Amino acid sequence: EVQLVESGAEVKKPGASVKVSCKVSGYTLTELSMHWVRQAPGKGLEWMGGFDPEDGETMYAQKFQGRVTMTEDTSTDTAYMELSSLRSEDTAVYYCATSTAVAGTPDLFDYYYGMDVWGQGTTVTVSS
Amino acid sequence: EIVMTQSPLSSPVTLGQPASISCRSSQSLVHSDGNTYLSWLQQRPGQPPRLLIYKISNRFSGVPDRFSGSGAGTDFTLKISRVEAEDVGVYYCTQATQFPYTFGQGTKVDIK
Amino acid sequence: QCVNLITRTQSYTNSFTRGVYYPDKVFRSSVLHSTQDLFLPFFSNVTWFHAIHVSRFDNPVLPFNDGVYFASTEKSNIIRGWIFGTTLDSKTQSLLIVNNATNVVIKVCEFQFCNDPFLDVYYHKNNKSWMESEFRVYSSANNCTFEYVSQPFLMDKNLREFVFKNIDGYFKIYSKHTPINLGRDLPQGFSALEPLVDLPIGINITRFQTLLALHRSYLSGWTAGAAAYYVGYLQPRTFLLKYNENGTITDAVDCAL
Ligand SMILES: *[C@@H]1O[C@H](CO)[C@@H](O[C@@H]2O[C@H](CO)[C@@H](O)[C@H](O)[C@H]2NC(C)=O)[C@H](O)[C@H]1NC(C)=O
Ligand SMILES: *[C@@H]1O[C@H](CO)[C@@H](O)[C@H](O)[C@H]1NC(C)=O
Ligand SMILES: *[C@@H]1O[C@H](CO)[C@@H](O)[C@H](O)[C@H]1NC(C)=O
Ligand SMILES: *[C@@H]1O[C@H](CO)[C@@H](O)[C@H](O)[C@H]1NC(C)=O
Ligand SMILES: *[C@@H]1O[C@H](CO)[C@@H](O)[C@H](O)[C@H]1NC(C)=O
C-alpha cells in the first residue's frame with residue numbers, strides 16, 4: 001500500500017520559491033502517477049497538475065501555467081513542487097495525491113487515471 | 001474544462017438513514033480506454049480527503065460497505081446506506097478522463 | 001532492496017529414466033556406447049519443490065554436489081534462471097543466469113546476492129513499459145569477469161530439463177524441451193538432453209538457487225505466484241546408451257540394478 005508523507009509548513013514573503021515535498025513508500029515513484037491539488041480555506045479543493053500515463057508526461061492547470069514546476073527524484077523517491085511569484089490568495093493547503101500508472105498483469109494491463117492515495121497537507125501561507 | 005455540479009449543497013441526515021448526493025458533469029466522461037473515471041472522495045475537518053469510490057461504483061481498500069456509487073454518462077450518485085458519527089464532513093466527486101482534472105464544490109453532511 | 005517473499009515446501013518423487021544427456025559431441029549411429037560420467041541415476045529420489053509467494057525466510061539455498069538435474073513444467077516466464085557459487089556474496093565470484101523474453105544473459109561477477117533473490121517486473125511510466133529489475137536479485141556486482149549474451153533457453157504441458165555440471169573450468173549446461181501430454185510431470189521414456197553451452201568459467205560452485213520472476217500487484221507489493229520444479233543430483237555412474245540410425249540416444253541402461 002502506498003504511504004505518502006509530507007514536508008513542513010512555511011511562510012515566505014512574495015517573490016521567492018516554495019519547496020513542497022512528498023515522500024512515497026510501498027511503491028516506487030516510477031510506478032505511480034503523481035498529482036498536486038490545492039485547497040484554499042473556505043473554498044473547494046482544486047487541481048494544480050500531475051502526471052499523464054499516456055500521450056505525454058506532465059500536465060498543468062490553465063491557471064497555473066508559467067508558475068508551477070514539478071520535479072521527480074527517483075533516487076530518493078520524492079516528488080518536489082515549486083511555484084514562483086507568490087500572491088496573497090495562495091495561502092492554501094497543498095495535497096500530494098498519487099495512483100498506480102497501470103492496472104493488471106504484464107500480459108494484460110490498462111492505463112489508470114485518478115487520485116487514490118492522498119498524503120497529509122502542507123500549509124503554505126503568504127504574509128508580511 | 002469539465003465543470004461539476006453537486007446537489008444538494010447541504011443535506012441534513014439523521015443517524016442511520018440513507019443519504020443521496022448527486023454529481024453532474026456538463027461533458028460526458030467517457031474515456032477512450034472504455035472505462036469512465038469518476039471518483040468519490042470524503043473529507044473530514046482536519047483530515048485530508050480519502051478515496052471512497054473509484055470508477056463509478058468500485059470500492060477502495062478499507063472502505064465500508066455502506067458507500068455505494070451509481071449512474072453513468074453525465075449523471076452520478078453516491079448513496080450512503082447508514083450515516084454514523086464518523087460520516088460528518090464534505091463529499092466531492094472528481095473526474096480523471098479529460099485534463100484538467102476537476103472537482104465538485106462539495107456537499108456537507110451533518111447529524112443535527 | 002532484499003526482501004523475503006518466497007516460502008518453499010518440498011516432496012519427493014521418482015526420476016524414472018529422466019536426465020540422460022549426450023556425453024560428447026560425437027555422432028554415433030546404431031551403436032551401444034558405454035560411458036562413465038556424472039549422470040542422474042535411474043529411479044532416484046528427486047525433490048519436488050513448490051515455491052509460493054502469497055500476497056519470513058523459508059527459501060534456503062540448495063547444495064550443488066557434483067552437478068544438478070533441474071526440471072520444470074511451468075511456463076517460461078515464471079522460472080527465469082539460476083544462481084551458482086559458494087558464499088553467494090561479495091567475497092567470492094558467482095554465476096548468474098537470467099532469461100527473459102528476448103535473450104539470456106550469463107554473467108560471472110562478485111554479486112552480493114539477496115537472501116531471497118527474484119527478478120521483479122514493474123511498469124516504468126517514463127519508458128511506458130514493463131521493465132525487469134535485478135535489484136532484488138543482488139545489491140551490487142563488482143569485479144565482473146565473464147559475460148555471455150545469447151538466445152534464451154527457457155522458451156515456449158512443456159517439460160523443460162537442464163543438467164548443470166561444473167567440470168575442470170567449464171560450466172556445462174545441457175537442455176531439452178519435451179511436449180508432455182497432460183499427466184505426470186516427470187514422464188516415462190527417454191529424452192536425451194542435447195549440449196546447450198560450455199562456459200569457460202573456472203569458479204568454485206558448491207551451492208545453487210533458482211530465480212523466480214515476480215510481478216507488481218497494481219490493485220503485499222507483489223502478485224501471488226507459484227513455481228514447481230524438480231531437483232536431482234548427478235553421481236559418477238556408468239551408462240550404456242543406445243544410438244539409433246539417426247544418432248539419437250533412444251535408450252540407456254544405468255549399470256546398478
Ligand atoms: C531482456 O534482456 C536483454 C539483455 O539484458 C535486454 O537487452 C538490453 O537492454 C539494455 C537496456 O537497459 C540495452 O542497453 C542493451 O544493449 C540490451 N542488450 C541486448 C543484447 O539487446 C532487454 O531489454 C531485456 N528485455 C526486457 C523486456 O527486460
Ligand atoms: C526420498 O527422501 C526422503 C527424505 O529425503 C525419504 O523420506 C523418502 O523415503 C525417500 N524416498 C524413497 C522412495 O526412498
Ligand atoms: C574487487 O573489488 C574491490 C572493491 O570493489 C577491490 O578493492 C578489489 O581490488 C577487487 N579485486 C580484484 C581482483 O579486482
Ligand atoms: C569451494 O568452496 C567450498 C566452500 O566455500 C570450500 O570448502 C572448498 O574448499 C572450495 N574448493 C575450492 C577448490 O576452492
Ligand atoms: C530417422 O530419420 C528418418 C528420415 O526421415 C525418419 O524417416 C525416421 O523416422 C527417423 N527415425 C528412425 C528411428 O529411423
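Numbering starts at 1 and runs along the chain as it is shown here.
The header says electron microscopy, 2.5 Å.
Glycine is treated like the rest: Cβ placed from N, Cα and C.
These come from Swiss-Prot:
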DISULFID  C:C2-C:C114  disulfide bond
CARBOHYD  C:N4  N-linked glycosylation site
CARBOHYD  C:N45  N-linked glycosylation site
CARBOHYD  C:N100  N-linked glycosylation site
DISULFID  C:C109-C:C144  disulfide bond
CARBOHYD  C:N127  N-linked glycosylation site
CARBOHYD  C:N143  N-linked glycosylation site
CARBOHYD  C:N204  N-linked glycosylation site
CARBOHYD  C:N246  N-linked glycosylation site
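The DSSP secondary structure for C:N4 (N-linked glycosylation site) is coil. Rounded to a whole number, the C-alpha distance linking C:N127 (N-linked glycosylation site) with C:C114 (disulfide bond) is 26 angstrom. Here the Cβ of C:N143 (N-linked glycosylation site) has 9 other Cβ atoms within 10 Å, regardless of which shown protein chain they belong to. Candidate glycosylation sites: C:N4, C:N100, C:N143, C:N246. Those with a Cβ under 6 Å from ligand 3, in sequence order, are C:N143. Listed glycosylation sites: C:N4, C:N100, C:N246. The one with the lowest count of other Cβ atoms within 10 Å of its Cβ is C:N246. Candidates C:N4, C:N45, C:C144, C:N204, C:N246 (recorded positions) were compared with C:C114 (disulfide bond); those inside 10 Å Cα-Cα are C:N4. Within the same chain, the residues at least 6 positions away from C:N45 (N-linked glycosylation site) whose Cβ sits under 8 Å from its Cβ are C:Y12, C:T13, C:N14, C:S15, C:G232, listed in sequence order.
Ligand 2 lies under 6 Å from the Cβ of none of the recorded positions C:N4, C:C144, C:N204, C:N246.
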